[PDB]
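Structure record follows, encoded as structure tokens.
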Amino acid sequence: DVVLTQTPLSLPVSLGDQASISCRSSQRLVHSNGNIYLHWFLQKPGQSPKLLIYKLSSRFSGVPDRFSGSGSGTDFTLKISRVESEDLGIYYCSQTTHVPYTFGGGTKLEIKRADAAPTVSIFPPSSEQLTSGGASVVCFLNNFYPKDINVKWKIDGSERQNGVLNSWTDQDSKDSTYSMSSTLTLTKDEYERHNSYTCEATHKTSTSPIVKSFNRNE
Amino acid sequence: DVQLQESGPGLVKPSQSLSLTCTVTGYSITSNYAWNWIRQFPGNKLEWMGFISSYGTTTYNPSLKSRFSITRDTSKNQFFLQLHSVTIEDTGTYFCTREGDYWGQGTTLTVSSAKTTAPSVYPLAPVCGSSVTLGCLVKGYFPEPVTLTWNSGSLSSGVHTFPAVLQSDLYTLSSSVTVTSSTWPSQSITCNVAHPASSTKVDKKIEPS
Amino acid sequence: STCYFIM
Ligand code: NA
Ligand SMILES: [Zn+2]
Ligand SMILES: [Zn+2]
Ligand SMILES: [Zn+2]
Ligand SMILES: [Zn+2]
């Protein structure tokens, strides 16, 4: 099948500025009739994808002239001349020359703000959870930017992979930051067998990780 | 007046078979156009499934592992996606469209063998600064959704409520509220969790220790 | 023609 690769995965832009999204095809997309069925869709949150550009460079009905599609061969580009708040969401390239029709992974058009270090909080299991035979340790990593963040769980010095549930918020509407939750799930029996519990955050705002720790029963 | 509306079960069990209906208004499905089904999974991946011509002939995606077919009922101006023997991997949003020009709102399909399960709600107090971050862990619930609030909605600022994630066929969610040290534990901060599928309405006060 | 526009 035809593989469509989008670059970048995330595009931080300021309102009023120019933005450009690239799409790389694994095959040439010239149909027998001479047309290039490479299209661009925009998906806003809670909505379905909407057609912006089609057959490489045609603007769909209602789409303003700020959007333009370009390309040849395997390299295709979508340009937004003056980014507005309405332009925010996920942009997908689409090819319909060859069956099966395929899409790119999407490019998120997001807002730029100053760099912000995450505020990290660690939470030992609640006594109520311990009464029920469970034990989850919860780590919040809040109001950070940019969005790229690595979180790391350590139990008694050793790194833990199993029982780690991560969740991420979308870009906050008011402050333009990101937040993340990371939960380490254990049986009470395993939890009562380890002492040191650590949540480490790696973010471009610090050269050393932010470490929040506790020792069971102090 | 060209519109599309997806409809379907919402929740099914692994191995069951399934129909999703797309009712079309304002335009006849026997005129010129093909009518398409496209899926979207968490992670945003879009997957074209197939189409039915205005003349009743079909074209499917040959590379898919899901067993499915597309049919229509011209007299009702509807086309269908028949999903046969579904797996947990078929969970996601199903859109009908004409030819990418008009789309429906999308329909959420969950494929799970889980039973309706009330969540366990756990308060998250800080470990034994100018601000304080408190939390709430909503664990082991099915199906979606839950709705979580702080102080019955009156505490909305500094709140981060994270999307739910699957941990062993059941959903888990968390939320954090950050207030000044002068606010808590001086003033009461309560987590309010509604899970209407199981008729749950729980309030957990966050106490120190 | 099975696909009239782009699909
Ligand atoms: Na075609
Ligand atoms: Zn291929
Ligand atoms: Zn081909
Ligand atoms: Zn262990
Ligand atoms: Zn009929």
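So you know, we letter chains A, B, ... as the sequences are listed, proteins then strands, and number each from 1. In what follows, every heavy atom counts, from backbone to side chain, and hydrogens, waters and symmetry copies are set aside.
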Do [X] and [Y] come close enough that some side-chain heavy atom pair is under 4.5 Å?
| X | Y | value |
| --- | --- | --- |
| B:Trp103 | A:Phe41 | yes |
| B:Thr172 | A:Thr183 | no |
| B:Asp169 | B:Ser113 | yes |
| A:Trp168 | A:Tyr178 | no |

Do the ring centers of A:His203 and A:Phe144 come within less than 6.0 Å of each other?
-> yes
Quick check, are the ring centers of A:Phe76 and A:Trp40 under 6.0 angstrom apart?
-> no
Start with the C-alpha gap between A:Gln43 and A:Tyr92, add the side-chain angles, then the distance that decides, and say whether side chain to side chain donor-acceptor pair (under 3.5 Å) holds.
-> CA-CA 8 Å; A:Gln43 173 159 58; A:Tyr92 300 93; 3.0 Å; yes
Could you list all the disulfide bond (SG atoms under 2.5 Å apart) pairs where at least one residue sits in residues 55-106 of chain B, not counting sequence neighbours?
-> B:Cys22-B:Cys96
Please, which pairs that meet disulfide bond (SG atoms under 2.5 Å apart) have at least one residue in residues 32-111 of chain A, sequence neighbours excluded?
-> A:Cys23-A:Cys93
Residue set satisfying ring-ring contact (aromatic ring centres under 6.0 Å, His included) with A:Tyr101, at least two apart, ordered chain then number -> B:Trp48
When you look at B:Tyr60 and B:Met49, which way does the side-chain contact (heavy atoms from CB on, under 4.5 Å) test go after all the steps?
-> CA-CA 6 Å; B:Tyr60 304 118; B:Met49 297 188 82; over 6 Å; no
Does A:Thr7 reach the main-chain N or O of A:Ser22 with its side chain, forming a donor-acceptor pair under 3.5 Å?
->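 A pair under 3.5 Å: no.
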Closest non-hydrogen atom pair between B:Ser198 and B:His195, with its separation | OG-ND1, 2.5 Å
Who passes salt bridge (charged side-chain N to carboxylate O under 4.0 Å, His left out) against B:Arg39, sequence neighbours left out?
-> B:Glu47, B:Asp90
Check against side chain to side chain donor-acceptor pair (under 3.5 Å), B:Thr74 and B:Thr30 = CA-CA 7 Å; B:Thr74 54; B:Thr30 59; over 6 Å; no
Hey, could you give me each pair passing side-chain hydrogen bond (donor to acceptor under 3.5 Å, both in side chains) that has a residue in residues 76-91 of chain A? Not counting sequence neighbours.
->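 Every side-chain hydrogen bond (donor to acceptor under 3.5 Å, both in side chains) pair that includes a residue of residues 76-91 of chain A, provided the two are not neighbours, is A:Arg66-A:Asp87.
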Going by the side-chain hydrogen bond (donor to acceptor under 3.5 Å, both in side chains) test, which pairs reach into residues 135-145 of chain B, not counting sequence neighbours?
->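 The answer is none; no pair qualifies.
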Step by step, would you call A:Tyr54 with C:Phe5 a ring-ring contact (aromatic ring centres under 6.0 Å, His included)?
-> CA-CA 10 Å; A:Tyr54 69 82; C:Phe5 175 51; 5.2 Å; yes
Basic-acidic side-chain contact under 4.0 Å: B:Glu89, B:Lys65 | no
